[PDB]
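Let me begin by presenting the structure, written as structure tokens, before commenting on it.
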Number of protein chains: 2
Amino acid sequence: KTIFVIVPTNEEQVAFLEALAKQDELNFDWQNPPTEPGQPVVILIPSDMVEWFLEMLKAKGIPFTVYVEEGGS
Amino acid sequence: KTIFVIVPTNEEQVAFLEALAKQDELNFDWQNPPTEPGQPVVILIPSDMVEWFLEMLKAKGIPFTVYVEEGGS
């Protein structure tokens with residue numbers, strides 16, 4: 001599992017993330033919900049979805065930072 | 001700067017983490033509150049406070065894992 005810390009810059013991106021969090025089939029683990037622009041959103045992402053999510057965030061212009069376990073897989 | 005995914009295993013450890021989260025300390029950034037045993041609690045802290053923060057959790061026998069920045073947008 002990789003951690004993404006997302007910080008949406010506007011309401012469109014907050015809305016995209018709320019919609020996305022409705023999709024249980026992605027198997028994403030949302031640690032807190034999106035709220036407002038500039039409020040960080042923490043998600044634990046299965047390894048096999050990180051590339052999909054990178055490109056998705058990249059395509060939507062959504063700022064983020066990725067975190068991995070210290071000395072892990 | 002650095003993330004801890006902390007998982008309290010009894011109500012005593014949940015209560016301990018609730019007491020910390022109650023202190024509004026700058027840059028100790030709790031992303032979700034403690035709830036119940038077995039539920040992850042995620043915090044973002046300055047990386048220069050990792051060494052003492054993990055020793056404390058260890059001293060207390062509270063399971064955790066550390067996640068470090070790997071990159072971003």
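Letters A, B, ... go to the chains of the structure tokens in the order shown; residues in each chain start at 1; ligands are counted from 1 in the same order.
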Would you give me, as a tab-separated table, each residue of chain A having an atom within 7 Å of an atom of chain B, along with its shortest atom pair and that distance in Å to one decimal, using only C-alpha atoms and sorting by chain and residue number?
```
residue	atom	partner	partner_atom	distance
A:31	CA	B:32	CA	6.5
A:32	CA	B:32	CA	6.0
A:63	CA	B:73	CA	5.7
A:64	CA	B:72	CA	5.5
A:65	CA	B:72	CA	4.0
A:66	CA	B:71	CA	5.5
A:67	CA	B:69	CA	4.4
A:68	CA	B:67	CA	5.0
A:69	CA	B:67	CA	4.2
A:70	CA	B:67	CA	5.5
```
Could the residues in this selection be written to a file with C-alpha atoms, as a compact mmCIF listing (two decimals), in the first residue's frame?
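This is the output file result10.txt:
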```
# COMPACT_ATOMS: atom_id res chain seq x y z
CA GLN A 31 -8.37 7.95 5.75
CA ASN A 32 -10.36 11.21 5.70
CA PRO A 63 -1.58 18.31 -6.51
CA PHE A 64 -0.29 15.39 -4.48
CA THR A 65 2.62 13.76 -2.69
CA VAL A 66 3.31 10.01 -2.49
CA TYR A 67 4.68 8.26 0.58
CA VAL A 68 6.04 4.68 0.91
CA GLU A 69 7.03 2.59 3.92
CA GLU A 70 10.54 3.26 5.27
```
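Those residues of chain A that DSSP, working from the backbone, places in helix (DSSP H, G or I) are residues 11, 12, 13, 14, 15, 16, 17, 18, 19, 20, 24, 25, 26, 47, 48, 49, 50, 51, 52, 53, 54, 55, 56, 57, 58, 59 and 60 of chain A.
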Please dump the current selection as a PDB file, in the first residue's frame; keep C-alpha atoms.
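Written out: selection18.pdb:
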```
ATOM      1  CA  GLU A  11     -14.283  22.719  -5.782  1.00  0.00           C
ATOM      2  CA  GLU A  12     -14.163  20.755  -9.070  1.00  0.00           C
ATOM      3  CA  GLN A  13     -11.326  18.619  -7.651  1.00  0.00           C
ATOM      4  CA  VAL A  14     -13.106  18.228  -4.278  1.00  0.00           C
ATOM      5  CA  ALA A  15     -16.169  16.997  -6.247  1.00  0.00           C
ATOM      6  CA  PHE A  16     -14.073  14.602  -8.376  1.00  0.00           C
ATOM      7  CA  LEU A  17     -12.545  13.096  -5.193  1.00  0.00           C
ATOM      8  CA  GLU A  18     -15.941  12.736  -3.455  1.00  0.00           C
ATOM      9  CA  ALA A  19     -17.307  10.954  -6.499  1.00  0.00           C
ATOM     10  CA  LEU A  20     -14.183   8.705  -6.643  1.00  0.00           C
ATOM     11  CA  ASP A  24     -15.546   0.717  -3.489  1.00  0.00           C
ATOM     12  CA  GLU A  25     -14.330  -1.471  -6.351  1.00  0.00           C
ATOM     13  CA  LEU A  26     -11.119   0.572  -6.577  1.00  0.00           C
ATOM     14  CA  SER A  47       0.286  -1.195  -5.175  1.00  0.00           C
ATOM     15  CA  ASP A  48      -1.420  -2.325  -8.398  1.00  0.00           C
ATOM     16  CA  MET A  49      -3.454   0.949  -8.635  1.00  0.00           C
ATOM     17  CA  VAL A  50      -0.701   3.513  -7.973  1.00  0.00           C
ATOM     18  CA  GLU A  51       0.171   4.025 -11.646  1.00  0.00           C
ATOM     19  CA  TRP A  52      -3.491   4.380 -12.608  1.00  0.00           C
ATOM     20  CA  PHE A  53      -3.977   6.949  -9.799  1.00  0.00           C
ATOM     21  CA  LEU A  54      -0.783   8.892 -10.645  1.00  0.00           C
ATOM     22  CA  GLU A  55      -1.993   9.395 -14.219  1.00  0.00           C
ATOM     23  CA  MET A  56      -5.554  10.226 -13.086  1.00  0.00           C
ATOM     24  CA  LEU A  57      -4.386  12.917 -10.617  1.00  0.00           C
ATOM     25  CA  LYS A  58      -1.904  14.149 -13.250  1.00  0.00           C
ATOM     26  CA  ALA A  59      -4.692  14.424 -15.838  1.00  0.00           C
ATOM     27  CA  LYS A  60      -6.998  16.345 -13.466  1.00  0.00           C
TER      28      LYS A  60
END
```
Problem - Superposition RMSD [C-alpha atoms, order-paired], chain B onto chain A - result: 2.2 Å
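The coordinates place CA of residue 23 (chain B) at 27.9 Å from CA of residue 9 (chain A).
Between CA of residue 45 (chain B) and CA of residue 10 (chain A) lies a distance of 25.0 Å.
One finds CA of residue 28 (chain B) at 25.9 Å from CA of residue 46 (chain A).
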Practice task
Could you find all residues in chain A that DSSP calls strand (DSSP E) from the backbone, and write them as a VMD selection string?
Solution key: chain A and resid 2 to 6 29 to 30 41 to 45 64 to 69
Please dump the current selection as a PDB file, in the first residue's frame; keep N, CA, C and O atoms.
```pdb
ATOM      1  N   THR A   2       0.550   2.159  -0.929  1.00  0.00           N
ATOM      2  CA  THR A   2       1.175   3.451  -1.023  1.00  0.00           C
ATOM      3  C   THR A   2       0.221   4.520  -0.516  1.00  0.00           C
ATOM      4  O   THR A   2      -0.985   4.451  -0.756  1.00  0.00           O
ATOM      5  N   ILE A   3       0.757   5.526   0.159  1.00  0.00           N
ATOM      6  CA  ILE A   3      -0.066   6.621   0.664  1.00  0.00           C
ATOM      7  C   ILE A   3       0.023   7.817  -0.249  1.00  0.00           C
ATOM      8  O   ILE A   3       1.100   8.252  -0.589  1.00  0.00           O
ATOM      9  N   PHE A   4      -1.129   8.331  -0.664  1.00  0.00           N
ATOM     10  CA  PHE A   4      -1.200   9.597  -1.394  1.00  0.00           C
ATOM     11  C   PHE A   4      -1.772  10.627  -0.434  1.00  0.00           C
ATOM     12  O   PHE A   4      -2.717  10.334   0.268  1.00  0.00           O
ATOM     13  N   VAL A   5      -1.171  11.814  -0.399  1.00  0.00           N
ATOM     14  CA  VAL A   5      -1.684  12.967   0.340  1.00  0.00           C
ATOM     15  C   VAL A   5      -2.070  13.949  -0.756  1.00  0.00           C
ATOM     16  O   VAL A   5      -1.185  14.506  -1.422  1.00  0.00           O
ATOM     17  N   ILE A   6      -3.371  14.102  -0.984  1.00  0.00           N
ATOM     18  CA  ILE A   6      -3.896  14.907  -2.083  1.00  0.00           C
ATOM     19  C   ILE A   6      -4.327  16.274  -1.533  1.00  0.00           C
ATOM     20  O   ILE A   6      -4.917  16.355  -0.455  1.00  0.00           O
ATOM     21  N   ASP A  29      -8.412   3.076   0.283  1.00  0.00           N
ATOM     22  CA  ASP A  29      -8.692   3.244   1.680  1.00  0.00           C
ATOM     23  C   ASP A  29      -8.591   4.721   2.050  1.00  0.00           C
ATOM     24  O   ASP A  29      -7.506   5.223   2.303  1.00  0.00           O
ATOM     25  N   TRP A  30      -9.725   5.411   2.090  1.00  0.00           N
ATOM     26  CA  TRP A  30      -9.749   6.827   2.386  1.00  0.00           C
ATOM     27  C   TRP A  30      -9.647   7.050   3.890  1.00  0.00           C
ATOM     28  O   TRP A  30     -10.525   6.649   4.645  1.00  0.00           O
ATOM     29  N   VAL A  41      -6.052  15.375   1.806  1.00  0.00           N
ATOM     30  CA  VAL A  41      -6.829  14.136   1.787  1.00  0.00           C
ATOM     31  C   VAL A  41      -5.855  12.951   1.702  1.00  0.00           C
ATOM     32  O   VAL A  41      -5.009  12.853   0.786  1.00  0.00           O
ATOM     33  N   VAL A  42      -5.970  12.063   2.681  1.00  0.00           N
ATOM     34  CA  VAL A  42      -5.054  10.938   2.813  1.00  0.00           C
ATOM     35  C   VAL A  42      -5.772   9.646   2.410  1.00  0.00           C
ATOM     36  O   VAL A  42      -6.845   9.353   2.920  1.00  0.00           O
ATOM     37  N   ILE A  43      -5.162   8.924   1.464  1.00  0.00           N
ATOM     38  CA  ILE A  43      -5.664   7.656   0.929  1.00  0.00           C
ATOM     39  C   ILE A  43      -4.530   6.623   0.885  1.00  0.00           C
ATOM     40  O   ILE A  43      -3.422   6.913   0.433  1.00  0.00           O
ATOM     41  N   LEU A  44      -4.823   5.414   1.350  1.00  0.00           N
ATOM     42  CA  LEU A  44      -3.928   4.274   1.170  1.00  0.00           C
ATOM     43  C   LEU A  44      -4.388   3.502  -0.061  1.00  0.00           C
ATOM     44  O   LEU A  44      -5.543   3.071  -0.123  1.00  0.00           O
ATOM     45  N   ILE A  45      -3.456   3.284  -0.985  1.00  0.00           N
ATOM     46  CA  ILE A  45      -3.735   2.827  -2.337  1.00  0.00           C
ATOM     47  C   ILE A  45      -3.062   1.489  -2.551  1.00  0.00           C
ATOM     48  O   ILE A  45      -1.864   1.367  -2.278  1.00  0.00           O
ATOM     49  N   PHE A  64      -0.434  16.492  -5.411  1.00  0.00           N
ATOM     50  CA  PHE A  64      -0.293  15.388  -4.481  1.00  0.00           C
ATOM     51  C   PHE A  64       1.180  15.063  -4.194  1.00  0.00           C
ATOM     52  O   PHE A  64       2.102  15.486  -4.910  1.00  0.00           O
ATOM     53  N   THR A  65       1.351  14.293  -3.126  1.00  0.00           N
ATOM     54  CA  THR A  65       2.621  13.760  -2.692  1.00  0.00           C
ATOM     55  C   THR A  65       2.395  12.295  -2.344  1.00  0.00           C
ATOM     56  O   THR A  65       1.368  11.949  -1.772  1.00  0.00           O
ATOM     57  N   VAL A  66       3.361  11.453  -2.700  1.00  0.00           N
ATOM     58  CA  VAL A  66       3.306  10.011  -2.491  1.00  0.00           C
ATOM     59  C   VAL A  66       4.303   9.634  -1.405  1.00  0.00           C
ATOM     60  O   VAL A  66       5.407  10.169  -1.353  1.00  0.00           O
ATOM     61  N   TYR A  67       3.892   8.713  -0.542  1.00  0.00           N
ATOM     62  CA  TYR A  67       4.677   8.256   0.584  1.00  0.00           C
ATOM     63  C   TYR A  67       4.721   6.709   0.545  1.00  0.00           C
ATOM     64  O   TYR A  67       3.707   6.069   0.257  1.00  0.00           O
ATOM     65  N   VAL A  68       5.884   6.126   0.821  1.00  0.00           N
ATOM     66  CA  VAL A  68       6.044   4.681   0.913  1.00  0.00           C
ATOM     67  C   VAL A  68       6.652   4.310   2.253  1.00  0.00           C
ATOM     68  O   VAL A  68       7.311   5.139   2.900  1.00  0.00           O
ATOM     69  N   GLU A  69       6.441   3.069   2.680  1.00  0.00           N
ATOM     70  CA  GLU A  69       7.025   2.589   3.919  1.00  0.00           C
ATOM     71  C   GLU A  69       8.542   2.773   3.917  1.00  0.00           C
ATOM     72  O   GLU A  69       9.186   2.515   2.922  1.00  0.00           O
TER      73      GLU A  69
END
```
